[PDB]
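One chain follows as structure tokens, the form deposited in one PDB entry.
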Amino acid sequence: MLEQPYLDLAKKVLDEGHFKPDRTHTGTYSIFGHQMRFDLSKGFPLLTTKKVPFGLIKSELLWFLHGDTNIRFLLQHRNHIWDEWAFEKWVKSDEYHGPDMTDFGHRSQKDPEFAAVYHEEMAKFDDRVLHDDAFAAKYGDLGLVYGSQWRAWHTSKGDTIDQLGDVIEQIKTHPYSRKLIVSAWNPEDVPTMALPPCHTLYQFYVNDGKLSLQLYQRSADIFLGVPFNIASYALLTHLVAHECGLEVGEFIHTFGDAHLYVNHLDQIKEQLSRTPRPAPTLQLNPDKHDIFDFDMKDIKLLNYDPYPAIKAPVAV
């Protein structure tokens, strides 16, 4: 089955993982250096042994493809994955006067009535960005995040580079280039970013009228993140192949520090009892090829029939 490499990664970390100190409290078992590939001709690698919400990844990747960096687009899609990063910077403003918060989430793990009030403040935040323009502009924009990295790399000479746009054109004119890379890792920016890119850089490859892509990930949460991570870069592949009137091939996922938090052990043991079901199939609007001008309904997932979702504390 298509998703086995994931199940194999989970097993592997559970046996060969060494205990490691995490910037959290919740320890991890980790490994370093690992590679797993997914023959995309055999189906779309969306975990079947666990329910993973495509809509969220579908919207986030369009957020990326649009060169977008503002939370409004995601909130305008019920995607709250990036809410904490932007919110954070907001509760660190003079405009902010309400109840204090010091590194929440973690501080919401030992959940008191506080977390609920925090829920009202996120509510109050999101809505602000959602209906007021100027607000959305100062706290809604995250800036140096994947959307700007991929398509708005900032030069020293003041301009802005469209890595992804250039490489897609490159694939089209010189499909046999070993220089088809787009990095999200900017040295000048990495030292002061709350979250330096987990997905450091990727490479395309045209084998036989077939596109393939390898992703190099510096850190990874086996349980929580990888399931999303796989679908995201397998989808990118599909979109680039689409625009490039090219067939699809293989998706290689390379890792630096792949880890599984201790507080996810029972959760991953269980998801491992399940046997995989046949994997879903993707569809992209045939009458549309500009993956940048792409919209939500142009991407359709078929036959996704997964086992229930596993509830686990979000990495701590």
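For every residue, the number given is its place in the sequence shown, counted from 1.
Keep in mind the form solved in complex with a small molecule is missing from the figure; the text below concerns it.
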Open item on the list: Considering non-hydrogen atoms and a 4.5 Å limit, which listed residue (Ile161, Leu224, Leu201, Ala115) is close to the small molecule in the deposited bound form?
Closed with: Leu224
Task: Residue (of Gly256, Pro276, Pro53, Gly67) lying close to the small molecule in the deposited bound form, criterion heavy atoms within 4.5 Å - done: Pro53
Open item on the list: Quick check for you: of 77-85, 150-158, 130-138, 238-246, which stretch puts a non-hydrogen atom within 4.5 Å of the small molecule in the deposited bound form?
Closed with: 77-85
Open item on the list: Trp90 versus the small molecule, in the deposited bound form: is there a non-hydrogen atom within 4.5 Å?
Closed with: no
TODO: Examine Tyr216 and determine whether its closest non-hydrogen atom to the small molecule in the deposited bound form is within 4.5 angstroms.
DONE: no
Open item on the list: Quick check on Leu195: any heavy atom within 4.5 Å of the small molecule in the deposited bound form?
Closed with: yes
- [ ] Would you check, heavy atoms only and a 4.5 Å threshold, whether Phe228 touches the small molecule in the deposited bound form?
- [x] yes
